[PDB]
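As C-alpha cells, the structure follows; a few thoughts come after it.
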2 protein chains.
Amino acid sequence: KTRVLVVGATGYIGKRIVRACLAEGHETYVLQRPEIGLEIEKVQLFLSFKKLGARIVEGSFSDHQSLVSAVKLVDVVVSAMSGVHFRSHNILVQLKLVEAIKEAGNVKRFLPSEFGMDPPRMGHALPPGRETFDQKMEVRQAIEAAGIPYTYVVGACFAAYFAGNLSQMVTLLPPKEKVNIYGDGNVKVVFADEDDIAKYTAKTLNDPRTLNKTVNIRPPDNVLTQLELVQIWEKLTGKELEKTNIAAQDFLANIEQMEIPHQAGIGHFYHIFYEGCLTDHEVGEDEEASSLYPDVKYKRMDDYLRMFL
Amino acid sequence: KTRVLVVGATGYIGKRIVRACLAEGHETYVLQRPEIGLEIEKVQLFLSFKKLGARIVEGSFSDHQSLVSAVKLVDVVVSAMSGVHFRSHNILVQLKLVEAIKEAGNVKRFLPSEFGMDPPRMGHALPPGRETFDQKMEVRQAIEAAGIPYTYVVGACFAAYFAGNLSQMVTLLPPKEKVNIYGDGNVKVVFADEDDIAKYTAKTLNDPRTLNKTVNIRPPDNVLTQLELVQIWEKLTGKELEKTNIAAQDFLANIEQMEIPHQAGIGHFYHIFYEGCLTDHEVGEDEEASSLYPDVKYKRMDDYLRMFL
Ligand SMILES: NC(=O)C1=CN([C@@H]2O[C@H](COP(=O)(O)OP(=O)(O)OC[C@H]3O[C@@H](n4cnc5c(N)ncnc54)[C@H](OP(=O)(O)O)[C@@H]3O)[C@@H](O)[C@H]2O)C=CC1
Ligand SMILES: NC(=O)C1=CN([C@@H]2O[C@H](COP(=O)(O)OP(=O)(O)OC[C@H]3O[C@@H](n4cnc5c(N)ncnc54)[C@H](OP(=O)(O)O)[C@@H]3O)[C@@H](O)[C@H]2O)C=CC1
Ligand SMILES: COc1cc([C@H]2OC[C@H]3[C@@H]2CO[C@@H]3c2ccc(O)c(OC)c2)ccc1O
Ligand SMILES: COc1cc([C@H]2OC[C@H]3[C@@H]2CO[C@@H]3c2ccc(O)c(OC)c2)ccc1O
C-alpha cells in the first residue's frame, strides 16, 4: 500500500487530489498547519478528509523538523502549493519541503505543485507572469540537485478557469450574449476537468512508467480551439453568441498599467490562446496521462459545459 | 410543494439551509449574485446546488427590481446574510431585501438572518458586539413596518464555534492540554449542530404553528455548562485537561484596546458564558424547535465531538 502525503490538502486542486488518493486506495496523509485558526472552511475540510479515512499530520513550514517528521511517514509526497497571483503565489515555500525531503531520505517520489503550463518551455514569458515559471523551475532545480525522484504533472487548463467561462477573463460562468474571441480563435488549447487531473495524479504517483518523467495531461477529445469551445456552448443552448475578435496588440495594450495579478492573467492567456503553448509541441502516448491511464473516462467539455445549463 | 428562496445561499449557515430545504422537499431557489467574480468556491457551490435540484435565480442587491423579480417566484424567503464581525457583518443590507419583499406583495413568510442570540433580549450589550443586536432589531422593525409575516429563528450556539473548540477563542479545535474555563464553568449554554439548525429552519418555515413567532432552538440534551462540555471531551479522550478559571473582570480586562472583531467576540462570549443569556429565561414547547419537530434526532455533543478524536 502506497503512503502519500498531500501538502496543500485544502487547496483548490489539493483537496481534489486528497480525495482521489483515497479513492485510488492509497494510505493518504494530509498536512494540517496550525495557523488555520478561525478559517472554519479549512478546519471542516480536514474533518471531512478524516471521515474518508485520511490521517492528519500536524506540521508547519516554519518548523523544519516537523516537515521532516511528516515526510518520514510516507512513500510519496504530493505538493499542491499555491501558484496563482490573484489567489496567492507561494511556490518557493516548497523549498523548505524539498529540504525536509532531502533530510528524511525515505521519500520514493515527490510531485511538486506544477499542474499547468510546462515551466522549462516558457523561458520567453515576460514578467510578472514569468514568476510562475521561474519559481517552478527553481523548485525543479532543488529537487534534482537533491537527487529526489520526481514526477511533473503538466499540460492542461483547469476547466473551471478556462472552459466554464468560454475563456472570458474575470468571470467563471458562460456569458449571456457576447463573447470575446482571442485572435481568430483557431489556436488549439488543452482542457481538463480538475477531478480528472486529480485522478491522473493519484494514478501516476506510484507508476514506474512516470518515475523521473514529465507526464502530460492532454486528453485528445479535450484539445479544442476557443471557437470550438464556444460552438459547443452555442449548440447546447441553441443560441449563437455575438463574437468580437480581439487582436494580439489590443489584448496586450496598456498591460503595463494594470494591477499585477491581472497582468499575470493576461500574460498567461496570451501564451495559451495566442501562442498556443499547450499544443505547439507533440507528446508521446508513453508520457500522456489519458493513454497511460485509459480507465479514466475523462469528462469531455460538452459534458462539462452541460453543468452550466 | 413550498417554494423557498435562500438569499445568502453560499454562506456558512446559508449553504446548510439550502441543502436542508432540498432534503425537506421544498422547491428550492437560490439567489446567485452577479458580483461573484473569480470566487470559484461560490461558483462551484451553486453548481453543486443545481445538481441537487435547486433552481438558480439571478439578482443583485444593487438592482431593486432584480430582487423584486426573485421574491415574486417563491412563497417563503430565508436570509442567511452575514453577521460575524471577523467574517463580515452586513445585516443591514437585508433592508433592501425587505423593501423588495414589500413591493412584491406575494411572500407568505420571511425568515431574516438571526440564528443566534435573541436580539430584543440583548438591549444591555455594549459596543461593538452590540451592533449585531441593533441591526437585527432594525431589520425586525422594518419587517413589521412592512407587514411581512415572519419567523425569527434563535437560541443556540453553532456547534463549530463553541463546542468543537471547548469554547476556546481564536481556535476551532479542542486544545491539547490546557483549557480556559469561564468563571466556574457552571453557566448553562445551548449548543446545536448547524445541520440540525438548518433542518429545523427548513421544517419551521412553512409551519402554521410558527407564523409570526420566535422559534427557539434549545434541544434539551444540548443545554450544557462549559464544564459539562469539557467533561464530555475528557471522557471521549480518557485524559483530564488542565483547567484555568478566568474571572469576569480578567476576561474583559483592556477589552477597549483590542481589534474590533475580537472585542465583539469577547462581548458575545461574556453574554453567553458569564451572563447565561441563552438559558436565563424559559421557553414553552410551543416555541422550541426540538419539541416542535421531534422527528429531528438532533446530534448530541458527545457524538459531535467524536469528529475531533
Ligand atoms: N489551469 C491550470 O492549469 C491551473 C494551474 N494551477 C496550478 O495548481 C497549483 C495549485 O494552485 P491552487 O490549487 O489554486 O492553490 P491554492 O491557492 O488553492 O493554495 C493551495 C495551498 O497552498 C497552501 N499555501 C498557500 N500559501 C501557503 C504558505 N505560505 N505556506 C504554506 N502553505 C501555503 C495552502 O496549504 P493548506 O491546505 O495547508 O492550507 C493552500 O491550500 C499551482 O501550481 C497552480 O499554479 C492552478 C490554477 C489553474
Ligand atoms: N453561534 C451562532 O449562533 C452563530 C450565529 N451566526 C449568525 O448566522 C447568520 C449568518 O452568518 P454566517 O453564516 O456566518 O454568514 P457568512 O459570513 O457566511 O455570509 C453569509 C452570506 O452573506 C451574503 N453577504 C455578505 N455580504 C453581502 C453583501 N454586501 N451583499 C449581499 N450579500 C452579502 C453572502 O451571500 P451570497 O452567498 O449570495 O454571496 C454570504 O454567503 C448571521 O446573522 C450570524 O450572526 C453566525 C455564526 C455563529
Ligand atoms: C494553464 O496553465 C496555468 C493556468 C493558470 C491559471 O491559474 C489560473 C488563472 C491563471 C491565469 O488563468 C486564471 C486566471 C487569471 C486571471 C483571470 O482573469 C482569469 O479569469 C478566468 C483566470 C496558472 C498557471 C498555469 O500554468
Ligand atoms: C450565539 O449567538 C451568536 C454567536 C455569534 C458568533 O458567530 C460566531 C462568533 C460569534 C462570536 O462567536 C464566533 C466568535 C468570535 C470570536 C472568536 O474568537 C471566536 O472563537 C472561536 C468565535 C454571532 C452572533 C450570535 O447571535
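By convention here, the chains of the C-alpha cells are called A, B, ... in the order presented, each chain's residues are numbered starting at 1, and ligands are numbered starting at 1 in the order presented.
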- request: Step by step, measure atom-to-atom distances between ligand 1 and each residue using only C-alpha atoms and all ligand atoms, keep those at most 8 Å, then write them as a ChimeraX atom specification.
  value: /A:7-15,31-33,36,42,60-61,80-84,87-91,93-94,113-117,132,136,154-162
Could you please take those selected residues and save C-alpha atoms as a tab-separated table (two decimals), in the first residue's frame?
```
chain	number	residue	atom	x	y	z
A	7	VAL	CA	0.84	19.11	1.30
A	8	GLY	CA	-1.74	21.79	0.48
A	9	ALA	CA	-4.62	19.47	1.21
A	10	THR	CA	-7.29	22.21	1.41
A	11	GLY	CA	-6.19	23.90	-1.82
A	12	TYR	CA	-8.29	24.05	-4.94
A	13	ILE	CA	-6.54	21.18	-6.74
A	14	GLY	CA	-5.07	19.87	-3.44
A	15	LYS	CA	-8.45	18.92	-2.00
A	31	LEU	CA	-0.59	18.05	6.34
A	32	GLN	CA	-2.51	20.28	8.77
A	33	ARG	CA	-0.61	23.55	9.58
A	36	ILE	CA	-5.51	27.80	10.44
A	42	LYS	CA	-10.24	24.63	6.15
A	60	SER	CA	4.49	23.74	9.86
A	61	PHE	CA	6.64	25.20	7.11
A	80	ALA	CA	-0.40	21.43	-4.19
A	81	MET	CA	1.16	24.76	-3.12
A	82	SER	CA	-0.48	27.98	-4.32
A	83	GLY	CA	0.63	29.44	-7.64
A	84	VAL	CA	-2.00	31.95	-8.81
A	87	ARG	CA	-5.09	33.88	-5.11
A	88	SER	CA	-1.58	33.54	-3.66
A	89	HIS	CA	1.74	32.64	-5.33
A	90	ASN	CA	3.89	30.86	-2.72
A	91	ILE	CA	5.62	28.31	-4.97
A	93	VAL	CA	7.86	27.95	0.03
A	94	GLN	CA	8.20	24.34	-1.22
A	113	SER	CA	2.99	21.89	-7.49
A	114	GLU	CA	3.08	22.06	-11.30
A	115	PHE	CA	-0.33	21.22	-12.81
A	116	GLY	CA	-0.22	23.83	-15.59
A	117	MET	CA	1.98	25.13	-18.34
A	132	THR	CA	5.28	31.30	-12.08
A	136	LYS	CA	8.60	26.29	-10.51
A	154	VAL	CA	1.68	19.40	-16.62
A	155	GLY	CA	-0.20	20.38	-19.70
A	156	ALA	CA	-3.92	21.23	-19.21
A	157	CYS	CA	-6.08	24.26	-18.42
A	158	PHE	CA	-8.29	23.73	-15.37
A	159	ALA	CA	-11.78	23.55	-16.88
A	160	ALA	CA	-13.26	25.90	-14.24
A	161	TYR	CA	-10.88	28.70	-15.17
A	162	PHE	CA	-10.98	28.30	-18.95
```
- request: Select all residues from chain A having any atom no more than 10 Å from an atom of chain B (counting only C-alpha atoms, ignoring ligands), output as a ChimeraX atom specification.
  value: /A:12,34-41,43-44,46-48,50-51,86-87,160-161,169-173,307-309
query: Quick one: residues within 12 Å of residue 294 of chain A, only C-alpha atoms counted, chain neighbours fewer than 4 positions away excluded, as a list in words?
result: residues 196, 199, 200, 203, 219, 220, 285, 286, 288, 289, 290 and 298 of chain A
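Atom pair atom CA of residue 1 of chain A / atom CA of residue 153 of chain A has a distance of 21.9 Å (rounded to one decimal).
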- request: From a DSSP pass on the backbone, collect the residues of segment 116-279 of chain B flagged as strand (DSSP E or B) and hand them back as a PyMOL selection string.
  value: chain B and resi 150-154+157-158+178-182+188-192+213-216+223-225+242-246
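Of the listed residues (A:252, A:122, A:296, A:283), A:122 comes nearest to ligand 3; the distances count only C-alpha atoms and all ligand atoms.
One finds atom CA of residue 151 of chain B at 19.4 Å from atom CA of residue 25 of chain B.
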task: Would you kindly return, as number ranges by chain, each protein, DNA or RNA residue with an atom no farther than 12 Å from any atom of residue 230 of chain B, considering only C-alpha atoms and excluding same-chain residues fewer than 3 positions away?
output: B: 162-168, 174-175, 177-182, 185-186, 224-227, 233-243, 301-302, 305
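Rounded to one decimal, atom CA of residue 97 of chain B and atom CA of residue 193 of chain B lie 27.7 Å from each other.
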- request: Please provide as a ChimeraX atom specification all residues within 7 Å of segment 271-275 of chain A, with the sequence filter that same-chain residues fewer than 3 positions apart are discarded (counting only C-alpha atoms).
  value: /A:182-183,187,189,267-268,278
- prompt: Taking the backbone alone, and naming residues the way the document does, which bits of segment 78-167 of chain B are alpha helix (DSSP H) by DSSP, as number ranges by chain?
  reply: B: 94-104, 130-146, 159-162
Writer output for current selection, N, CA, C and O atoms, as a short mmCIF file (atom, residue, chain, number, x, y, z; two decimals), in the first residue's frame:
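Heads up, here's the output in part.cif:
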```
data_model
loop_
_atom_site.label_atom_id
_atom_site.label_comp_id
_atom_site.auth_asym_id
_atom_site.auth_seq_id
_atom_site.Cartn_x
_atom_site.Cartn_y
_atom_site.Cartn_z
N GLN B 94 -29.96 43.49 4.36
CA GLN B 94 -31.28 42.89 4.21
C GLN B 94 -32.40 43.94 4.10
O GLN B 94 -33.48 43.62 3.60
N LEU B 95 -32.19 45.17 4.59
CA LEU B 95 -33.25 46.17 4.44
C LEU B 95 -33.67 46.32 2.99
O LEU B 95 -34.85 46.59 2.71
N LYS B 96 -32.74 46.14 2.05
CA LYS B 96 -33.12 46.20 0.64
C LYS B 96 -33.94 44.97 0.23
O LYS B 96 -34.83 45.07 -0.63
N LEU B 97 -33.64 43.81 0.82
CA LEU B 97 -34.46 42.63 0.57
C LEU B 97 -35.87 42.80 1.12
O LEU B 97 -36.85 42.39 0.49
N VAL B 98 -35.97 43.33 2.35
CA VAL B 98 -37.27 43.57 2.95
C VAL B 98 -38.09 44.51 2.06
O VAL B 98 -39.27 44.27 1.80
N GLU B 99 -37.45 45.55 1.54
CA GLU B 99 -38.17 46.51 0.70
C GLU B 99 -38.67 45.86 -0.58
O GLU B 99 -39.78 46.15 -1.05
N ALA B 100 -37.87 44.94 -1.15
CA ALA B 100 -38.31 44.22 -2.36
C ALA B 100 -39.44 43.25 -2.05
O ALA B 100 -40.35 43.07 -2.87
N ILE B 101 -39.38 42.59 -0.89
CA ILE B 101 -40.49 41.74 -0.47
C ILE B 101 -41.77 42.57 -0.32
O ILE B 101 -42.86 42.14 -0.71
N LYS B 102 -41.64 43.74 0.29
CA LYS B 102 -42.79 44.63 0.44
C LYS B 102 -43.43 44.91 -0.92
O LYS B 102 -44.61 44.61 -1.14
N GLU B 103 -42.64 45.42 -1.86
CA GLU B 103 -43.19 45.73 -3.17
C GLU B 103 -43.77 44.50 -3.86
O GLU B 103 -44.81 44.59 -4.53
N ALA B 104 -43.13 43.34 -3.70
CA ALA B 104 -43.58 42.15 -4.42
C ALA B 104 -44.99 41.74 -4.00
O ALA B 104 -45.82 41.38 -4.85
N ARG B 130 -22.57 44.95 20.35
CA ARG B 130 -23.95 45.42 20.35
C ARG B 130 -24.50 45.65 18.95
O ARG B 130 -25.71 45.56 18.75
N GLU B 131 -23.64 45.95 17.97
CA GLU B 131 -24.13 46.23 16.62
C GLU B 131 -24.94 45.07 16.07
O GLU B 131 -25.93 45.28 15.35
N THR B 132 -24.56 43.82 16.38
CA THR B 132 -25.32 42.68 15.91
C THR B 132 -26.78 42.77 16.33
O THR B 132 -27.68 42.57 15.52
N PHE B 133 -27.03 43.07 17.60
CA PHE B 133 -28.42 43.08 18.06
C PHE B 133 -29.18 44.29 17.53
O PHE B 133 -30.37 44.18 17.22
N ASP B 134 -28.51 45.44 17.42
CA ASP B 134 -29.17 46.66 16.94
C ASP B 134 -29.59 46.52 15.49
O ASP B 134 -30.71 46.91 15.12
N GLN B 135 -28.71 45.98 14.64
CA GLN B 135 -29.02 45.85 13.22
C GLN B 135 -30.04 44.74 13.00
O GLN B 135 -30.93 44.88 12.15
N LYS B 136 -29.95 43.64 13.76
CA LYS B 136 -31.02 42.64 13.66
C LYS B 136 -32.36 43.19 14.17
O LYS B 136 -33.41 42.80 13.65
N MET B 137 -32.34 44.10 15.15
CA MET B 137 -33.59 44.73 15.59
C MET B 137 -34.08 45.73 14.54
O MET B 137 -35.29 45.85 14.32
N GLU B 138 -33.17 46.46 13.89
CA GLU B 138 -33.63 47.36 12.83
C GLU B 138 -34.27 46.58 11.69
O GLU B 138 -35.20 47.07 11.04
N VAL B 139 -33.80 45.36 11.42
CA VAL B 139 -34.41 44.55 10.37
C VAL B 139 -35.78 44.06 10.82
O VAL B 139 -36.76 44.10 10.05
N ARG B 140 -35.88 43.58 12.06
CA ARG B 140 -37.16 43.20 12.63
C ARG B 140 -38.16 44.35 12.54
O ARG B 140 -39.32 44.15 12.13
N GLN B 141 -37.74 45.55 12.92
CA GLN B 141 -38.61 46.72 12.84
C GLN B 141 -39.11 46.96 11.41
O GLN B 141 -40.30 47.24 11.20
N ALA B 142 -38.21 46.88 10.43
CA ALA B 142 -38.62 47.14 9.06
C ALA B 142 -39.54 46.04 8.54
O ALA B 142 -40.50 46.32 7.81
N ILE B 143 -39.31 44.80 8.96
CA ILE B 143 -40.22 43.71 8.59
C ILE B 143 -41.64 44.02 9.09
O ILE B 143 -42.64 43.83 8.37
N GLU B 144 -41.74 44.45 10.34
CA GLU B 144 -43.04 44.67 10.94
C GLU B 144 -43.71 45.93 10.40
O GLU B 144 -44.93 45.94 10.19
N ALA B 145 -42.93 46.98 10.12
CA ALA B 145 -43.43 48.18 9.46
C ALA B 145 -43.84 47.93 8.01
O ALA B 145 -44.51 48.78 7.42
N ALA B 146 -43.48 46.78 7.44
CA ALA B 146 -43.91 46.42 6.09
C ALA B 146 -45.05 45.43 6.10
O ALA B 146 -45.64 45.17 5.04
N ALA B 159 -22.43 24.74 16.83
CA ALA B 159 -21.50 23.76 17.39
C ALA B 159 -20.04 24.04 17.02
O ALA B 159 -19.16 23.87 17.87
N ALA B 160 -19.76 24.42 15.76
CA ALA B 160 -18.36 24.54 15.34
C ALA B 160 -17.64 25.69 16.04
O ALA B 160 -16.41 25.62 16.22
N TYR B 161 -18.35 26.74 16.45
CA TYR B 161 -17.68 27.89 17.03
C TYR B 161 -17.62 27.85 18.54
O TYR B 161 -16.93 28.69 19.14
N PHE B 162 -18.35 26.94 19.18
CA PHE B 162 -18.47 26.92 20.64
C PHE B 162 -18.28 25.55 21.28
O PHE B 162 -17.90 25.49 22.45
#
```
